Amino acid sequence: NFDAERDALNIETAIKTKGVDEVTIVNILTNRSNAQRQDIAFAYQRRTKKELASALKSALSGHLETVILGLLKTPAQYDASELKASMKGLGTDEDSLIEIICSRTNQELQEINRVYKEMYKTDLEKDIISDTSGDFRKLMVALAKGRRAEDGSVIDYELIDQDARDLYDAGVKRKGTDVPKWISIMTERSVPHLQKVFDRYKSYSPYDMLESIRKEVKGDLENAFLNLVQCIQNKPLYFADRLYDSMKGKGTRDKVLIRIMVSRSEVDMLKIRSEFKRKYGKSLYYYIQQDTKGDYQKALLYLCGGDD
């Protein structure tokens, strides 16, 4: 059914139409997989001898341009470019750096590290170091390696219990905090293993893992731990909460809204939508529809995949 040559032709016609036909551009690109969009990009240059990304940057503008250009990048290229943006200058946008690093899998991070190095001619780890400090740096650097332990054939309940007590001994139980212990356990163990550790943790601590973080640490280190634990406990819900935060109240934090819709549209959007509706009462579709307008809105609603 998919025809890259046909799509590229229709996009070119839309770009050259007087005033630019954004609707057609959105209708096509937001209804094609990332892989198909790559095929469309090669077909476009093959036909016009011009790069699609460049053509669209000139033809589009505002939030819509941001969405479209983001969709044209491969998953790794997009994440790599988003990370670079968060660390730009004094990289004061720690929240974006945290979101990406705390949610990507070993496989995703392996490709991100590779592409980041190819695109910016520098190791992702070095830029992270420059935009982080203290234990916050140690945690982010560790996570970015994407070297989380694999899932064993058999569940190690003895270790699960061990880690749970260690987490407790390292924080709430003692004066101060043994941050390195928290970092080692939360970055080295597999996600599934940690989901069980956090459950078992409730048997030793009167505060769950999240509340324990709020009482033990502060600042970016605290926020990084909060994002990590949330994502480990329930990734779809984590993104649903970040999305809600990006639209609640006056205005919109477009940087977050666009990045999540673009990066998770083909990953777990169905689960994100379900968690969103369950917690916020309204559908994600409804929130997007109410916080944005025009072609930009249309594009995001297509990435949403539907109403709930």
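Quick note: we count residues from 1 along the sequence shown, nothing fancier.
Mean Cα B-factor comparison, 79-87 or 157-165, giving the higher one as deposited: Mean CA B-factor is higher for 157-165.
If you average the CA temperature factors as listed in the entry, which stretch comes out higher, 68-76 or 190-198? Going by the record's values, the stretch with the higher mean is 190-198.
Compare the CA B factors listed in the entry for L139, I213, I101, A149 and report the winner. Comparing C-alpha B-factors across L139, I213, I101, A149, the top value belongs to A149.
Going by the entry, which of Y116, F225, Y204, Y238 has the most elevated CA B factor? Highest CA B-factor of the listed options: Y204.
For the chain shown, is the CA B-factor of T17 in the lowest, middle or highest third of its modelled residues? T17: CA B-factor falls in the highest third of its chain.
Going by the CA temperature factor in the PDB record, which third of the chain does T48 belong to: lowest, middle or highest? Tercile = middle for this residue's CA B-factor.
Assigned third (lowest, middle, highest) for the C-alpha B factor of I183: Ranked within chain, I183 CA B lands in the middle tercile.
Determine, from the deposited record, the chain-internal third of the Cα B-factor for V229: lowest, middle or highest. Lowest third of the chain for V229's C-alpha B-factor.
Report the third (lowest, middle or highest) to which the CA temperature factor of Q38 belongs, ranking only the modelled residues of the same chain. For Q38, the deposited C-alpha B-factor lands in the middle third.
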